[PDB]
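K.L.:
Residue numbers (the entry's author numbering), protein chains in the order written: chain A, 1 to 21; chain A', 1 to 21; chain B, 1 to 30; chain B', 1 to 30. A prime marks a further copy of an entry chain.
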Amino acid sequence: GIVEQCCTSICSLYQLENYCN
Amino acid sequence: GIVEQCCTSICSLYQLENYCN
Amino acid sequence: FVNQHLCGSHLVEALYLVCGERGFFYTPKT
Amino acid sequence: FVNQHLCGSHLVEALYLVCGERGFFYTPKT
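Here's what the structure looks like:
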C-alpha cells in the first residue's frame with residue numbers, strides 16, 4: 001500500500017495520484 | 001461535508017471520527 | 001486541537017492525529 | 001517534495017498538496 005510505496009521506499013507523483021479522489 | 005462541518009463551522013471529535021477508515 | 005475551525009492542511013493534520021493507523025478520507029468535494 | 005521517503009504527517013501533507021480540491025484517501029492499513 002501507500003506506506004510501502006512512499007514511506008518505506010521512495011515516493012513518486014505517479015503513485016501519490018493513485019490515492020487522490 | 002467535512003469542510004462545512006469543521007472549516008466553515010467549529011469542528012468536533014465526533015465529526016472527525018466520521019471520516020476515519 | 002479538534003474544537004476549532006480547521007481548514008486545509010490544518011484539517012488534514014487533525015484527521016491524521018485522530019484516526020491513527022486506521023487512516024482517513026479527506027473529501028472536501030463531498 | 002514528492003520524490004523522497006514520506007511518512008506519517010509528511011505523507012499526508014504530500015497527498016494534500018498533490019490532490020488539491022479532489023482530496024484523497026490515506027489508508028496505511030491497506
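C-beta atoms are modelled at their ideal positions from N, C-alpha and C, and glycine is treated no differently.
#1: Does any residue of chain B bring its CB to less than 8 Å from the CB of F1 of chain B'?
#2: Could you check where the alpha helix (DSSP H) with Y14 of chain A' kicks off and where it finishes?
#3: Got a sec, what are the start and stop residues for the alpha helix (DSSP H) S9 of chain A sits in?
#4: In chain E, what lies closer than 7 Å to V12 of chain B' by C-beta?
#5: Could you name the residues of the same chain whose beta carbon sits closer than 8 Å to that of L15 of chain B', not counting the 5 residues immediately before and after it, in chain order?
#6: Measuring CB to CB, does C20 of chain A' end up less than 8 Å from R22 of chain B?
#7: For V2 of chain B' and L13 of chain A, which I take to be in contact (beta-carbon distance under 8 Å), what is that distance rounded to the nearest angstrom?
#8: How is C20 of chain A' classed by DSSP in three states: helix, strand or coil?
P.N.:
With the given structure in hand:
#1: no
#2: 13-17
#3: From DSSP, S9 of chain A is part of no alpha helix (DSSP H); its letter is neither H nor E.
#4: The structure shown contains no chain E; its protein chains are A, A', B and B'.
#5: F24, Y26
#6: Against a cut-off of 8 Å, the Cβ pair of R22 of chain B and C20 of chain A' comes out as a contact.
#7: Confirmed, about 5 Å.
#8: Reduced to three states, the DSSP call for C20 of chain A' is strand.
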